[PDB]
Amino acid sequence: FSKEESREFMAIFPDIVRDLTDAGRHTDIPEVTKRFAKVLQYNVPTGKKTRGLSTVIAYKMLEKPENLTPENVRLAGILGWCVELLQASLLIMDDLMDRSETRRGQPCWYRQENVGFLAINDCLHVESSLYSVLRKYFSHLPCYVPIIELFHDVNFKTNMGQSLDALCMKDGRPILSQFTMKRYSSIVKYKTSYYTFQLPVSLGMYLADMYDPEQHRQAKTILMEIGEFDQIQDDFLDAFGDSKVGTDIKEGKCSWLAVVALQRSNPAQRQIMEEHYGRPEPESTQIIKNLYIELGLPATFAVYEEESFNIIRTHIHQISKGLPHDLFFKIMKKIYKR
């Protein structure tokens, strides 16, 4: 993203914290409002903010140029921060569920002194807070109700994704019979692609007064295809990228690598996965990495990266109902880095 777009977006965050903690609403409980400021300051504004900024980009590529006022671009930024509020809520909870040590370079929120399982309340609180932001800045606009309904629906779908991911684990141990490409695809769609890709684009559309369910559906078909590649590349680089140190094997994740390894494995190779996948010992991670190398997963990913890129590019050329192709090409180029 541009320096001007990044700085404009970052300037909004302190106002959202004031709106949620210092707007003279709850003056009888200052210790709680001061704490919630710290919850927001720790968990919301330190990332790359890809999803927030992408909300602004989407809006700027969907709206008529003559409607792109500083005021409307700031509303897009506020919607972006609501996506970053939802994400913060989801990751606070996922870290507690996964018992992770760090997120985005920082100790996980639940590990901070006197949090622990109180992170569940903080998760609910941060997600609830975005609706207060929506009421303040959007209650007077026609997009208000569609935007509220989109956030609640995406929250419900993301929960289905997280729960489906959990149905791949039994008492801390991966259930390898569950590691199918069909279930993988479903996990990625529900758990990540709705909030990562569909939510920013649909928000841009609503702010631009695009309400045609068919325009949203066309955008969704493409964004779910891009989202699937984004998570597959992420899974690949967890094991094969250059040092973030990847822990997906130890964690027993239903990764694209594990799914494709099980498709390709002879019985001896399947037994290695059963014995060593999702185990804590370093030598068990190395055994799984070595099996991924033996099964040719690097070549497999290289072929998938080229084929998927060509299929998505073809599908974007075929988009209709006046959706701008350049937006979908721009999202592709960010994800494929070409």
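In case it trips you up, residue 1 is the first one in the sequence shown, and so on.
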Which class fits the unmodelled deposited stretch between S243 and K244: none, 1 to 3, 4 to 9, or 10 or more?
4 to 9
The stretch carrying the higher mean Cα B factor in the deposited entry, 204-212 or 77-85, is 204-212
Read off the CA B-factors in the entry, average them over 146-154 and over 167-175, and name the higher stretch.
167-175
By the entry's C-alpha temperature factors, tell me which of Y42, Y59, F36, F309 sits highest.
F309
Lowest, middle or highest third: where is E228 by Cα B-factor in its chain?
middle
So where's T50 on the chain's Cα temperature factor ranking, which third?
lowest
Hey, what third does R264 fall into on Cα B-factor, ranked over its chain?
highest
Compare the C-alpha B factor of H125 with those of the other modelled residues in its chain, then answer lowest, middle or highest third.
lowest
Lowest, middle or highest third: which one holds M181 when the chain's residues are ordered by CA B-factor from the entry?
middle
